[PDB]
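Down below is the structure, laid out as structure tokens.
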Amino acid sequence: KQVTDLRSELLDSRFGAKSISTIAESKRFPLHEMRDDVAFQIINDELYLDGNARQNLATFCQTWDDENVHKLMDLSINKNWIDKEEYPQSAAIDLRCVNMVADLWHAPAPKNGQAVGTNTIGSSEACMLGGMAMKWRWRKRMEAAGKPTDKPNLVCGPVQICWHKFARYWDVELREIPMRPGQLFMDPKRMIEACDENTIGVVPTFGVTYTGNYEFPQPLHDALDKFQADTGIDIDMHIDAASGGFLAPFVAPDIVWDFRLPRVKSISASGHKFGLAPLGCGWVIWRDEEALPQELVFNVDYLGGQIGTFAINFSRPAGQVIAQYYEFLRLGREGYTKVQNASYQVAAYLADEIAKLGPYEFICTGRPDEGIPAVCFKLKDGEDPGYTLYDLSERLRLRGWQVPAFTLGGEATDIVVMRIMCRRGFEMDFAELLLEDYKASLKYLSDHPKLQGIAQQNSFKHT
Amino acid sequence: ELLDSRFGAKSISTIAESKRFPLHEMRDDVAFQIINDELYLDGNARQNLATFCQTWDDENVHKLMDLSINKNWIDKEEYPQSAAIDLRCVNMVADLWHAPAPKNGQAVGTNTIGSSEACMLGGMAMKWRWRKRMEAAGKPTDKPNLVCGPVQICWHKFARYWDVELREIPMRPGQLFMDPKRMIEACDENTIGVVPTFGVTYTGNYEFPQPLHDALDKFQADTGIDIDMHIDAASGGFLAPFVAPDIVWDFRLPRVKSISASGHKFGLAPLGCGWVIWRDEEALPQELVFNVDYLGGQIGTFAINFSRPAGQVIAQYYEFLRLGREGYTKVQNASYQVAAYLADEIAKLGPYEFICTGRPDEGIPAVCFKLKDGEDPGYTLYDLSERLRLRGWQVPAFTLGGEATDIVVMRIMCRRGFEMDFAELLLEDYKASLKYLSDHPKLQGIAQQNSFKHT
Amino acid sequence: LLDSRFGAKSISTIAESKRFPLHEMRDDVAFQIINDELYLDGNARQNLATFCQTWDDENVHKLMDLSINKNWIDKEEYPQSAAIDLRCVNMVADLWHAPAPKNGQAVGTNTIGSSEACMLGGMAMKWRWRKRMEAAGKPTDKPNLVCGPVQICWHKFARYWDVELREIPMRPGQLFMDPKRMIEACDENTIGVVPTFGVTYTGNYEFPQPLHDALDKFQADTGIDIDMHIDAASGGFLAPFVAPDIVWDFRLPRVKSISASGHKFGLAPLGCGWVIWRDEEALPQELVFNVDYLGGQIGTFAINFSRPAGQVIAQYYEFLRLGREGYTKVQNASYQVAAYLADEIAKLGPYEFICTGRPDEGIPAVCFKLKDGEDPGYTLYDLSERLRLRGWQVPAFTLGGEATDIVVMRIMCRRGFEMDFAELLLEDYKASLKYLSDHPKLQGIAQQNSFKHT
Amino acid sequence: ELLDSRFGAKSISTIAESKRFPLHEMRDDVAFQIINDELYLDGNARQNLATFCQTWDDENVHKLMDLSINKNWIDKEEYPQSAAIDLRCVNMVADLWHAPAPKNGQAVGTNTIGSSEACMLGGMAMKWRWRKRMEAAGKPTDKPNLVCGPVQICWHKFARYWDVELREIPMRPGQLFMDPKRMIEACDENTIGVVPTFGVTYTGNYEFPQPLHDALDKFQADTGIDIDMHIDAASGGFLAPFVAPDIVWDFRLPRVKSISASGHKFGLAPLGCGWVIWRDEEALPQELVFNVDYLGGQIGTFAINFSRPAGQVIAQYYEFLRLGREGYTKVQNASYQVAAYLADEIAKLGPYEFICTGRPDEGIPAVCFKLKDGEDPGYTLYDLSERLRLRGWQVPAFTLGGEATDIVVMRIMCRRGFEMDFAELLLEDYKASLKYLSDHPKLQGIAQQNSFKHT
């Protein structure tokens with residue numbers, strides 16, 4: 001016997017109306033119009049299922065929010081970076097940024113008053129551009145010397161994925177010096193071993209994604225000088241400064257990593273990492289006009305003359321440049337120094353406190369002179385404290401944190417590391433919470449020994 | 001000693017320093033106002049009739065973009081819903097373009113920042129399919145070529161960056177596009193693909209893939225050489241499927257192995273959104289896809305970029321959901337009505353030859369025209385373009401490439417926002433500009449700089 | 001020492017967190033410091049344990065924001081807030097079929113939640129019982145309250161007001177207050193019976209009518225005349241809409257008062273509850289307090305005093321924008337989600353259902369246990385843990401009383417938790433099952449009860 | 001048919017079927033504007049000088065309140081940070097009030113919705129401590145009394161709702177408060193506690209717990225009866241510790257076992273915030289605390305409410321953080337300067353006798369006065385209160401209680417936002433009021449309704 005009052009169609013409890021599903025028929029282009037504010041609410045509501053990344057300590061990307069950055073981005077939604085005619089002031093702001101970054105990295109003073117360089121969407125585009133230019137300089141040099149150009153290689157260390165894509169996409173052989181116990185990085189000796197007359201260049205990673213440590217270009221530079229004296233082979237560098245390029249110039253200026261080194265022919269870095277810009281910002285600088293083959297530059301006509309671009313992308317919003325510029329303007333060397341120090345302070349504290357808790361061997365402990373604000377550690381060989389770092393990572397996820405555990409590469413294919421990144425916003429008070437969560441996780445694992453060895457999926461390690 | 005009248009305080013100049021990294025902090029709200037105030041020197045684009053890119057404003061799109069400022073498109077793990085939404089978009093564009101039903105339920109393809117990246121990906125996929133096919137037949141792979149018409153700059157860049165001989169069929173008077181005969185004359189065993197432009201940038205006319213397709217079938221029958229296509233649908237890819245569905249241009253054509261389009265042109269997305277779809281898994285050589293590790297397994301990506309914000313995807317979604325076929329159809333036809341109306345009206349005002357008149361069966365909502373050969377009305381289209389700027393319009397005048405190198409066209413793009421009432425206003429300023437050039441004959445022949453033509 | 005957000009000396013909230021701060025700090029830094037730590041709260045969008053409203057409506061944010069300073073108690077300075085509040089009382093009374101008031105105004109009040117509403121109802125019960133014993137010459141020193149598996153607010157009532165709580169225990173095969181066990185616990189000292197019209201722990205209705213029948217028979221057999229307060233915290237904004245023929249409210253002569261939470265299925269934002277009395281006779285006037293103001297005087301029955309009026313105002317917003325028509329659609333949608341989930345979940349493991357999201361039986365909740373003697377190689381605690389890793393809070397906990405060995409999972413379907421979100425839960429549930437099967441060493445590890453109380 | 005001029009559509013009255021749950025839906029935005037339009041009829045309280053509750057507006061507070069509309073104070077599990085903030089406030093309020101350092105690191109206390117809930121909790125705890133001891137002695141426990149002065153209505157409610165006999169020492173001419181002598185008269189073995197009011201509602205004056213404390217010591221000396229105190233510091237609790245640190249009224253007195261205060265009065269929090277602190281675990285009977293399971297363990301609450309929003313606590317913390325003792329001292333001094341100034345100027349205008357004059361060592365920022373006995377300046381304070389209403393001011397006149405049922409007083413409350421300039425405007429309006437009453441003598445004696453005195 002009935003007591004209910006029902007309806008015979010699927011309803012939505014937000015809209016008190018027939019249900020609209022993003023999930024059914026999400027495989028065809030929708031047939032009908034729907035009310036705008038309804039489509040908006042539907043999407044806005046699903047977006048709550050994303051993280052906010054505040055407790056994500058795997059990423060390098062910016063995740064703090066400044067209102068002024070919000071407003072600048074919001075005014076710039078239609079400002080086309082590529083369209084100098086319609087947006088001359090965005091163009092001008094972009095050119096300042098290029099000089100500013102050039103200046104920070106010690107680029108030789110231009111003849112014409114403009115540095116050779118370009119904004120990009122990220123390090124990835126910036127690397128291709130650097131890579132391509134490498135390839136082209138090398139092709140010209142070999143052709144001048146009547147030599148075949150069909151077997152180019154590129155020597156590097158535990159590079160970021162962008163170099164694996166460049167090598168693959170541009171038919172360059174990647175001579176990646178493998179990680180091994182006792183030297184996770186591209187040392188002078190193994191570098192020279194991998195070098196020959198087909199080497200388009202060497203790419204040291206100034207802040208290695210996997211661990212946090214700098215590859216130092218100066219000792220590599222010396223080896224390349226000795227290499228030229230010994231063989232006649234003249235090899236240059238591109239520095240992948242994704243992270244370190246907005247760190248060292250502020251907290252460790254004495255590290256000679258940049259255009260101070262003559263062989264350094266170009267540098268890339270990620271504005272949306274330690275540059276402090278919002279997602280979608282990268283930089284690449286060349287030493288001078290000679291470092292950038294004019295064959296790669298496209299000249300387009302516009303009303304005020306014609307402008308030269310070297311870009312993989314074309315039309316795109318100018319807001320990230322505009323916010324980048326904001327960060328440069330509001331902070332300067334003075335403010336960047338303070339802001340990066342804070343992050344280093346955080347990393348260093350975490351390193352010294354985590355050391356107390358477990359049998360750990362450290363690869364990176366957030367020291368300005370060795371790398372980025374990152375903490376990287378593994379278990380001491382032959383030590384079993386009653387979990388793996390995988391298990392501990394999982395425990396930390398149930399407290400809201402994402403602290404990646406993953407394996408190294410090459411000959412260190414069975415070392416499992418934990419990496420913690422300290423970006424803007426993850427302040428001291430948030431690090432104390434992490435610490436408390438870490439201790440509570442250890443107790444839990446100690447009290448629940450059956451949890452050992454169960455977890456074994458690598459967390460996302462790439463950015 | 002210099003003061004600023006805004007801040008009632010010592011002057012801070014963006015031009016002083018501007019070449020050195022600044023030394024000192026400054027107050028955040030001052031830096032903000034400084035930059036904001038300088039941004040007023042940019043145009044609004046509302047009156048810029050050169051561009052193809054979205055320049056209208058919708059509060060909801062502003063809201064979604066702002067929500068999304070930190071949403072990392074690559075980071076599937078942290079932003080799984082952004083990821084799920086992207087994947088819906090890939091399926092909806094595939095279906096729009098009649099892609100074959102996928103065995104595993106997910107269409108093959110990707111979001112990109114623009115047509116430019118989407119062209120690079122399509123290009124690379126062409127080059128790899130041809131390479132693999134030739135390697136498997138024991139043949140040299142060092143002389144690849146690409147056959148195309150009056151292509152967008154991305155193809156020139158692709159060719160140079162990836163060492164492919166660009167075989168571009170030149171524009172010539174009468175025939176400002178890639179016709180089958182000249183297409184075939186350029187084709188061979190080293191041809192990695194043909195690239196028709198479904199919406200030629202310079203004119204607004206569609207290159208029709210079908211007759212070209214038939215010519216490739218005959219070419220295969222005659223020589224054994226089996227050449228595929230990638231359609232550059234930067235603009236037409238979000239037009240024809242709504243206002244001219246019977247134009248057979250997309251994955252209905254077997255040889256079409258991939259297609260690209262700009263979500264930030266007629267797809268109605270904000271700047272920073274392009275798409276590329278492949279026919280099926282075979283059309284996309286796995287060697288180009290990179291599999292990263294994350295906690296739910298691994299995802300493969302084919303991208304030139306890496307981290308970037310997910311907002312444009314999310315906005316494009318909003319457009320797809322709020323409009324659907326029915327809404328897109330009304331939205332695109334309204335722009336066609338604008339363009340057709342301007343073609344008609346402009347025609348009455350001087351001695352013009354039309355190349356493109358906003359007809360939906362021929363191209364995109366553009367009006368493209370030149371002065372009738374010989375007829376000298378008392379100005380060039382440069383002059384007219386300068387007059388129009390003084391009244392706030394950007395209506396570009398430029399020369400065609402190739403063998404059409406004497407030809408000076410004016411191109412007007414009709415994009416969302418540029419309604420019937422604004423077209424009327426342009427018409428009024430057009431007339432007033434003509435009146436002035438008549439009253440001031442000395443102006444004739446003075447202006448001679450091409451305006452930006454590429455997007 | 002340094003802070004990266006402010007590029008300045010660090011100010012820590014955690015350092016001197018125990019003393020009153022000594023010095024001023026810039027207001028906007030103090031704001032950003034707090035705003036940043038609030039990101040560590042959940043948003044609850046994936047929390048399926050709570051009944052409370054967690055969806056967002058721009059109009060409600062505006063009404064609350066306008067109302068931050070409007071004092072609910074000060075009828076004189078906020079007469080319009082007071083008027084709106086009086087309409088609410090009338091409308092809730094009307095929904096629950098209260099006798100038309102002789103004056104024009106129903107006997108009822110807004111509260112902060114069901115907790116306060118309950119205390120008020122229980123106090124009135126206690127007073128009514130006391131008056132009836134005094135007029136009969138009997139002692140009043142050992143009052144008891146007969147109930148089933150009530151919400152904590154009734155244990156709080158019983159303790160704070162010195163009433164013996166005769167809670168009928170949940171048992172296997174009989175989870176609720178049934179008439180027989182209800183009567184076995186009744187006597188001349190029973191101040192009343194409290195059915196729970198939407199049991200917190202499971203989602204099921206305790207049906208007042210059958211209990212009402214037994215209380216009639218009990219008066220017939222013994223002379224002892226016992227009344228009811230219905231705790232309709234959740235059910236009070238469900239049944240009148242999707243199950244109007246369940247006879248649970250003032251249609252039953254013994255139901256002397258009813259309470260509900262506006263901030264559960266009333267759809268109001270946090271900090272809104274309601275209690276209504278049948279008529280003036282049901283509310284002892286000695287409990288009502290008259291305050292003097294310029295327009296005369298009003299009476300309130302409240303444990304709180306000054307507090308903001310926005311919740312009431314937002315509640316009224318929902319009443320006006322929805323009506324019966326709107327509510328019926330809104331609650332219907334929640335039930336459809338719950339029933340779907342129940343059916344789908346039943347296909348994925350060997351489960352026994354206690355609640356399946358059917359509007360004739362209860363609230364939009366799913367509640368289940370593993371079948372007796374059946375071992376799929378995980379416990380509901382385990383599954384709940386895997387679920388937390390995909391972002392959901394799907395609580396598992398034990399039932400009380402003689403059902404204390406019994407572990408259940410309870411899924412609450414509230415506004416915003418729509419069909420698409422439910423499909424995603426289901427994908428996540430499957431994925432969790434699979435992972436549990438691939439990792440059988442996980443079985444039995446997790447053993448902490450999730451928060452079950454609201 | 002009936003129309004609405006706002007919507008240009010058929011009229012929707014909120015008054016028509018206002019006694020029935022509405023039948024039908026209406027547009028959301030119309031329902032909002034309808035409600036928003038009615039709310040304009042509420043006062044804004046800025047000219048209301050009767051209330052103690054926050055009426056000023058701070059954007060930062062609005063922003064935190066709006067972020068927190070859904071944060072559940074009781075749900076420590078889902079909102080663990082709101083919880084942490086709450087606990088900090090408890091320790092900070094405990095410290096301010098000199099609570100002995102916690103043996104475990106956490107003070108005994110809780111946020112409440114207001115002083116009201118806080119008084120019940122305090123009242124209950126006194127009841128139980130008293131009960132335990134009398135039950136140890138096998139003594140009857142069915143007649144507990146509570147000894148106090150001119151308490152706020154919450155003590156009347158506590159008394160009634162918990163069957164405690166309220167021994168309120170009446171106000172009488174020259175002694176308007178609880179003194180040691182009359183307090184002691186009312187104490188016996190049934191007294192659960194004494195509640196001094198540290199900021200009397202009706203007058204603003206402090207009841208000083210120290211001389212009362214001495215008397216209780218003597219009482220225990222003389223009779224063996226050991227009586228504790230609960231301080232109702234609704235208003236005083238956030239005034240004295242900053243501007244009169246030397247008044248000993250808090251946990252510095254051994255007998256003070258708990259204290260309550262309103263955050264939303266001089267604590268500066270928005271509406272819906274109170275605090276109660278206990279001296280230590282012993283002052284709070286465990287039987288009153290409820291332990292509730294959750295993931296990270298379990299927490300105990302002593303609360304009358306359960307689910308409710310965390311925003312006011314968050315806002316409270318905001319004020320504690322941005323102000324500190326330094327900032328609070330300035331804020332409260334400011335209010336005192338205004339009260340004192342008004343007392344001084346007002347005494348110049350008529351034959352008044354002041355009960356309170358905004359001295360920080362005597363009471364709260366309030367001015368309280370009556371007409372000098374047997375003096376007739378040609379109006380009653382009721383008459384004056386009416387003239388001031390016509391100028392937008394609510395300045396309540398009401399009769400005192402007990403033996404001063406005869407005295408009519410005017411009381412002015414000076415809270416944050418009522419700055420020196422507004423005090424000047426009230427005075428201007430006060431003088432305008434005296435002038436008019438003078439020019440129209442027939443007004444004398446007409447008005448006779450007490451204004452709301454309670455909060």
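Residue numbering restarts at 1 for every chain of the structure tokens, chains are lettered A, B, ... in their displayed order, and ligands are numbered from 1 as they appear.
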Determine, for each residue of chain B having at least one atom at most 12 Å from an atom of chain C, the closest pair of atoms and their separation in Å to one decimal, counting only C-alpha atoms; order by chain and ascending number, as a Markdown table.
```
| residue | atom | partner | partner_atom | distance |
| --- | --- | --- | --- | --- |
| B:24 | CA | C:7 | CA | 11.9 |
| B:25 | CA | C:7 | CA | 9.2 |
| B:26 | CA | C:7 | CA | 11.3 |
| B:27 | CA | C:6 | CA | 10.9 |
| B:28 | CA | C:6 | CA | 10.0 |
| B:77 | CA | C:390 | CA | 10.3 |
| B:78 | CA | C:390 | CA | 10.9 |
| B:79 | CA | C:391 | CA | 11.9 |
| B:80 | CA | C:390 | CA | 10.2 |
| B:81 | CA | C:424 | CA | 10.5 |
| B:84 | CA | C:424 | CA | 11.0 |
| B:295 | CA | C:390 | CA | 10.4 |
| B:296 | CA | C:431 | CA | 9.6 |
| B:297 | CA | C:431 | CA | 11.9 |
```
What lies within 10 Å of residue 414 (chain C) using only C-alpha atoms, ignoring chain neighbours under 5 positions off, as a ChimeraX atom specification? /A:13-14 /C:45,47-55,264-265,267,330-331,333-335,337-338,363-365
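CA of residue 35 (chain C) lies 28.9 Å from CA of residue 261 (chain C).
Across the model, the gap from CA of residue 292 (chain A) to CA of residue 307 (chain A) is 15.4 Å.
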Distance query residue 338 (chain A) at most 7 Å, only C-alpha atoms, self and fewer than 3 positions along chain excluded, as number ranges by chain: A: 334-335, 341-342; C: 2, 7-8
Keeping only N, CA, C and O atoms, write the selected residues as a short mmCIF file (atom, residue, chain, number, x, y, z; two decimals), in the first residue's frame.
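Below you can see out_30.cif, which holds the result:
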```
data_model
loop_
_atom_site.label_atom_id
_atom_site.label_comp_id
_atom_site.auth_asym_id
_atom_site.auth_seq_id
_atom_site.Cartn_x
_atom_site.Cartn_y
_atom_site.Cartn_z
N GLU A 334 65.78 41.82 -3.81
CA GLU A 334 65.55 41.90 -2.38
C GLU A 334 64.43 40.97 -1.94
O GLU A 334 64.64 40.17 -1.03
N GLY A 335 63.25 41.08 -2.58
CA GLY A 335 62.09 40.26 -2.21
C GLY A 335 62.19 38.79 -2.62
O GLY A 335 61.80 37.90 -1.84
N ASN A 341 64.53 32.21 0.43
CA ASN A 341 65.10 31.82 1.69
C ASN A 341 64.08 31.15 2.55
O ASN A 341 64.35 30.07 3.08
N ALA A 342 62.88 31.73 2.64
CA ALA A 342 61.82 31.13 3.46
C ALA A 342 61.59 29.69 3.08
O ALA A 342 61.36 28.83 3.95
N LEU C 2 61.76 33.44 8.02
CA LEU C 2 61.10 34.18 6.93
C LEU C 2 59.79 33.51 6.46
O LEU C 2 59.61 32.32 6.67
N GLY C 7 57.20 37.71 2.09
CA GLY C 7 58.59 38.17 1.98
C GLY C 7 59.05 39.01 3.16
O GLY C 7 59.67 40.09 2.98
N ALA C 8 58.72 38.56 4.37
CA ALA C 8 58.97 39.31 5.59
C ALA C 8 59.25 38.35 6.71
O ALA C 8 59.04 37.15 6.56
#
```
Enumerate, in order of chain and increasing residue number, the residues of chain A with an atom no farther than 12 Å from chain D, each with its shortest atom pair and distance in Å to one decimal, counting only C-alpha atoms, as a Markdown table.
```
| residue | atom | partner | partner_atom | distance |
| --- | --- | --- | --- | --- |
| A:14 | CA | D:28 | CA | 11.8 |
| A:15 | CA | D:28 | CA | 10.1 |
| A:16 | CA | D:25 | CA | 9.3 |
| A:17 | CA | D:25 | CA | 11.1 |
| A:398 | CA | D:295 | CA | 10.4 |
| A:399 | CA | D:296 | CA | 9.8 |
| A:400 | CA | D:80 | CA | 11.1 |
| A:430 | CA | D:81 | CA | 11.3 |
| A:433 | CA | D:81 | CA | 10.5 |
| A:437 | CA | D:296 | CA | 11.2 |
| A:440 | CA | D:296 | CA | 9.9 |
| A:441 | CA | D:296 | CA | 11.5 |
| A:444 | CA | D:296 | CA | 11.1 |
```
With a cut-off of 6 Å and counting only C-alpha atoms, select all residues of chain C in contact with chain A and give the selection as a PDB file with N, CA, C and O atoms, in the first residue's frame.
```pdb
ATOM      1  N   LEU C   2      61.764  33.439   8.020  1.00  0.00           N
ATOM      2  CA  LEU C   2      61.100  34.184   6.932  1.00  0.00           C
ATOM      3  C   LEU C   2      59.787  33.514   6.463  1.00  0.00           C
ATOM      4  O   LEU C   2      59.609  32.315   6.667  1.00  0.00           O
ATOM      5  N   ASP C   3      58.879  34.283   5.844  1.00  0.00           N
ATOM      6  CA  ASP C   3      57.626  33.732   5.276  1.00  0.00           C
ATOM      7  C   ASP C   3      57.590  34.014   3.791  1.00  0.00           C
ATOM      8  O   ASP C   3      57.772  35.174   3.377  1.00  0.00           O
ATOM      9  N   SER C   4      57.326  32.987   2.986  1.00  0.00           N
ATOM     10  CA  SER C   4      57.449  33.145   1.523  1.00  0.00           C
ATOM     11  C   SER C   4      56.323  33.925   0.908  1.00  0.00           C
ATOM     12  O   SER C   4      56.514  34.549  -0.124  1.00  0.00           O
ATOM     13  N   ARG C   5      55.155  33.915   1.538  1.00  0.00           N
ATOM     14  CA  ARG C   5      53.990  34.643   1.019  1.00  0.00           C
ATOM     15  C   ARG C   5      54.215  36.157   1.176  1.00  0.00           C
ATOM     16  O   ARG C   5      53.939  36.936   0.243  1.00  0.00           O
ATOM     17  N   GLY C   7      57.205  37.706   2.091  1.00  0.00           N
ATOM     18  CA  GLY C   7      58.593  38.166   1.980  1.00  0.00           C
ATOM     19  C   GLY C   7      59.050  39.014   3.163  1.00  0.00           C
ATOM     20  O   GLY C   7      59.667  40.087   2.981  1.00  0.00           O
ATOM     21  N   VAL C 242       7.766  13.566   0.028  1.00  0.00           N
ATOM     22  CA  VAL C 242       7.810  12.409  -0.855  1.00  0.00           C
ATOM     23  C   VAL C 242       7.030  11.236  -0.263  1.00  0.00           C
ATOM     24  O   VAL C 242       6.822  10.225  -0.954  1.00  0.00           O
ATOM     25  N   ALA C 243       6.616  11.349   1.002  1.00  0.00           N
ATOM     26  CA  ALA C 243       5.784  10.296   1.625  1.00  0.00           C
ATOM     27  C   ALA C 243       4.704  10.905   2.522  1.00  0.00           C
ATOM     28  O   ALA C 243       4.618  10.601   3.729  1.00  0.00           O
ATOM     29  N   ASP C 245       1.707  10.319   3.043  1.00  0.00           N
ATOM     30  CA  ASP C 245       0.691   9.449   3.613  1.00  0.00           C
ATOM     31  C   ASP C 245       1.203   8.686   4.855  1.00  0.00           C
ATOM     32  O   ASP C 245       0.403   8.030   5.558  1.00  0.00           O
ATOM     33  N   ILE C 246       2.513   8.762   5.143  1.00  0.00           N
ATOM     34  CA  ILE C 246       3.003   8.235   6.445  1.00  0.00           C
ATOM     35  C   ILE C 246       2.404   9.136   7.495  1.00  0.00           C
ATOM     36  O   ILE C 246       2.522  10.358   7.416  1.00  0.00           O
ATOM     37  N   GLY C 326       8.706  22.423  -5.215  1.00  0.00           N
ATOM     38  CA  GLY C 326      10.152  22.378  -5.297  1.00  0.00           C
ATOM     39  C   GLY C 326      10.763  21.345  -4.363  1.00  0.00           C
ATOM     40  O   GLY C 326      11.654  20.577  -4.766  1.00  0.00           O
ATOM     41  N   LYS C 329      10.480  17.674  -5.629  1.00  0.00           N
ATOM     42  CA  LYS C 329      11.501  17.393  -6.655  1.00  0.00           C
ATOM     43  C   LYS C 329      12.906  17.277  -6.083  1.00  0.00           C
ATOM     44  O   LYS C 329      13.645  16.358  -6.459  1.00  0.00           O
ATOM     45  N   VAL C 330      13.277  18.181  -5.179  1.00  0.00           N
ATOM     46  CA  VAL C 330      14.602  18.158  -4.598  1.00  0.00           C
ATOM     47  C   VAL C 330      14.822  16.872  -3.781  1.00  0.00           C
ATOM     48  O   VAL C 330      15.777  16.162  -4.017  1.00  0.00           O
ATOM     49  N   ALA C 333      14.987  13.730  -5.918  1.00  0.00           N
ATOM     50  CA  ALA C 333      16.305  13.525  -6.519  1.00  0.00           C
ATOM     51  C   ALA C 333      17.282  12.830  -5.551  1.00  0.00           C
ATOM     52  O   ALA C 333      18.073  11.944  -5.978  1.00  0.00           O
ATOM     53  N   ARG C 415      21.825  17.101  -0.734  1.00  0.00           N
ATOM     54  CA  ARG C 415      21.831  18.029  -1.873  1.00  0.00           C
ATOM     55  C   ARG C 415      23.235  18.362  -2.380  1.00  0.00           C
ATOM     56  O   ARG C 415      24.115  18.806  -1.638  1.00  0.00           O
ATOM     57  N   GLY C 416      23.426  18.116  -3.673  1.00  0.00           N
ATOM     58  CA  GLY C 416      24.680  18.359  -4.365  1.00  0.00           C
ATOM     59  C   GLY C 416      25.278  17.011  -4.742  1.00  0.00           C
ATOM     60  O   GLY C 416      26.064  16.905  -5.679  1.00  0.00           O
TER      61      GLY C 416
END
```
Give me every strand (DSSP E) residue in region 366-420 of chain D, going by DSSP on the backbone, as JSON, numbers by chain. {"D": [366, 367, 368, 369, 370, 371, 397, 398, 399, 408, 409, 410, 411, 412, 413]}
Region 248-411 of chain B: which residues are alpha helix (DSSP H) by DSSP, as a ChimeraX atom specification? /B:311-347,381-389
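Atom pair CA of residue 262 (chain B) / CA of residue 354 (chain B) has a distance of 25.9 Å (rounded to one decimal).
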Test item: residues at most 12 Å from region 393-395 of chain B, only C-alpha atoms, excluding those fewer than 6 positions along its chain, as a ChimeraX atom specification: /A:85-86,302-303 /B:43-51,366-369,381-387,409-414,418,422-423,425-430,433,450-453
For region 139-155 of chain A, please output as a PyMOL selection string all residues within 7 Å (counting only C-alpha atoms; exclusion window: fewer than 5 positions along the same chain). chain A and resi 172-176+191+194-195+198-203
Considering only C-alpha atoms, return as number ranges by chain whatever protein or nucleic-acid residues lie within 7 Å of region 140-156 of chain D, sequence-local ones (same chain, fewer than 3 positions apart) excluded. D: 116, 119, 131, 134, 159-160, 164-171, 177-178, 183, 186-187, 190-197, 200-201, 454
Give me the residues near region 147-149 of chain C as JSON, numbers by chain, where near means some atom within 6 Å (using only C-alpha atoms) and where sequence neighbours in that chain fewer than 3 positions away do not count. {"C": [167, 168, 176, 177, 193, 194]}
Selected residues written out, N, CA, C and O atoms, as a short mmCIF file (atom, residue, chain, number, x, y, z; two decimals), in the first residue's frame:
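What ended up in out-v4.cif:
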```
data_model
loop_
_atom_site.label_atom_id
_atom_site.label_comp_id
_atom_site.auth_asym_id
_atom_site.auth_seq_id
_atom_site.Cartn_x
_atom_site.Cartn_y
_atom_site.Cartn_z
N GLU C 167 16.59 3.61 26.78
CA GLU C 167 16.83 3.37 25.37
C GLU C 167 16.71 1.89 25.03
O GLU C 167 17.48 1.08 25.53
N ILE C 168 15.74 1.53 24.17
CA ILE C 168 15.60 0.14 23.71
C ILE C 168 16.81 -0.20 22.84
O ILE C 168 17.11 0.49 21.87
N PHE C 176 15.33 -1.34 16.07
CA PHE C 176 14.62 -0.14 16.39
C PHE C 176 13.63 -0.33 17.57
O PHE C 176 13.37 -1.45 18.01
N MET C 177 13.12 0.78 18.10
CA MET C 177 12.06 0.70 19.06
C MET C 177 10.79 0.16 18.37
O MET C 177 10.22 0.81 17.51
N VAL C 193 7.53 9.23 24.99
CA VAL C 193 8.29 8.36 24.12
C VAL C 193 8.79 9.24 22.99
O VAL C 193 8.05 10.14 22.48
N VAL C 194 10.03 8.98 22.59
CA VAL C 194 10.64 9.66 21.48
C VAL C 194 10.98 8.69 20.32
O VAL C 194 12.05 8.04 20.30
#
```
